[PDB]
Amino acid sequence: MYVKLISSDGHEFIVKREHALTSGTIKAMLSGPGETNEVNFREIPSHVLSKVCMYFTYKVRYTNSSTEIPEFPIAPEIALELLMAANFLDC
């Protein structure tokens, strides 16, 4: 039902499994070759992974919309680190 995403600096992020599967990397990590509940990221810190989880809820919420969706905001400060994270996670 839920999955746990852990950041480089301890922080745990409990997120719906269906939300986290938005990421190709996460989907591959806790699926099977031919299954786990926790995923640890050694190189993604709190302020980044928190924003990635916000993107998951946003993505699941507004893909079903048909009339108007809002912009996904990104503060200039986080922009560079969030890009590198988005690349690693394939979302």
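Sequential numbering from 1, following the sequence displayed. Rigid core: the largest C-alpha set superposing within 1.5 Å between the two forms.
Of the two stretches examined, 49-57 and 23-31, the one with higher mean CA deviation in 7 other deposited structures of this protein after a rigid core fit is 23-31. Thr63 is built in all of the other entries compared, counting only those with both neighbours built, so it is not a gap in a third. The records show that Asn40 is included in the coordinate set of every other eligible entry of this protein, so it is not omitted in a third of them. The PDB entry reports B-factors from which the mean C-alpha value can be compared for 59-67 and 35-43; the larger average falls on 35-43. When the C-alpha B-factors of 23-31 and 47-55 are averaged, 23-31 comes out higher. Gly10: CA B factor in the highest third of modelled residues in this chain (values from the PDB entry).
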